[PDB]
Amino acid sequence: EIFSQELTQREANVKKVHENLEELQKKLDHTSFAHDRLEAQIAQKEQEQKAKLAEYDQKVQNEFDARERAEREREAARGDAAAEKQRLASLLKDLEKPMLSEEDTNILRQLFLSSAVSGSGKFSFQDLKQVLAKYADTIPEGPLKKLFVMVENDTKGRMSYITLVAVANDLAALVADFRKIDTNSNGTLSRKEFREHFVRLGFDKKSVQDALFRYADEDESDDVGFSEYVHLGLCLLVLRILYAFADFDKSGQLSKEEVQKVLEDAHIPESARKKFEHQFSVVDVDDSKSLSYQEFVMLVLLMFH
């Protein structure tokens, strides 16, 4: 819902660069190993994208900022301008865990405590790269932390493109303002609210919901607090970006081969993905033999959590 040509224009062209590079490399990938310029051009059409996505990413942030401020206003205009300043600070306190600075906290304040990004149709890798950065640690070494850092390293900006252009509309729908979720205004999402929210993001399976609730809720209390919500929130974005990065055939849904090459691309020991084959089937509930975002999500969890 961010209708602004300066951006639309910007997204349209960066695409041209990508649809170019994409098509360019397509060749190299099946040109007999005959006596590399493609390899040259590839590398060439690849830096431009970064530079272009870089400029585009900042125009997006500026919009979000304006959107957030513009929202805080409306809030005051309504009830007590301070009866709200608190809630945010009370909630934002639960992060008091990694080394989150004012800078990062604000990014989270925008993502998880306002509708500036929520359903705006846009998203910025730059903001996401920064947070995941100071969050990996929290995650013990292992597989899940690898999926995490794979998104951050942003190799060749392939992650940057998927976030800003390819699945930005989808990344903004997975995000939401905790205060709207929490329909009773205590700093914790109940089992009912949790469900109710997540059922409207493509998670209708009870079996999978409990999976998410079990993921978020660490201190183990039938309630979920903004800080855990933020935790579950960053995990879904991440897996959501990898789900597309793994749809090499653009068919819409991942498949055994595809999922394998990501856990592979990602550097995940075979000693950690052995029952993999059996699980994929377990998760693959409609038997399509492919996985939907909701299934890839159950999978990841099941295997590494």
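Don't overthink the numbering: it's just position in the shown sequence, from 1.
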- Message: Zero if continuous, otherwise a range: how many residues of the deposited sequence are missing coordinates between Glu96 and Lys97 (none, 1 to 3, 4 to 9, 10 or more)?
- Response: 10 or more
- Count class of deposited residues lacking coordinates, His35 to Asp36: 4 to 9
- Compare the mean C-alpha B-factor of 263-271 with that of 56-64 as given in the PDB entry, and name the stretch with the higher value. 263-271
- Quick note on 232-240 and 47-55: per-entry mean CA temperature factor is higher in 47-55
- Task: Could you tell me which one of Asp170, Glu196, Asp217, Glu84 shows the highest CA temperature factor in the PDB record?
- Result: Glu84
- Query: In this PDB entry, which of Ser120, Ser160, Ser221, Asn184 has the top CA B-factor?
  - Reply: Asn184
- Could you say whether, by C-alpha temperature factor, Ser290 belongs to the lowest, middle or highest third of its chain? middle
- For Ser101, the third of its chain by CA B-factor is the highest
- Which third, lowest, middle or highest, does the CA B-factor of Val283 fall in along this chain? lowest
- Task: For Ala77, return the chain-relative third of its C-alpha B-factor as stated in the PDB record: lowest, middle or highest.
- Result: highest
- Item | Third of the chain's Cα B-factor distribution that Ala136 belongs to, per the entry | highest
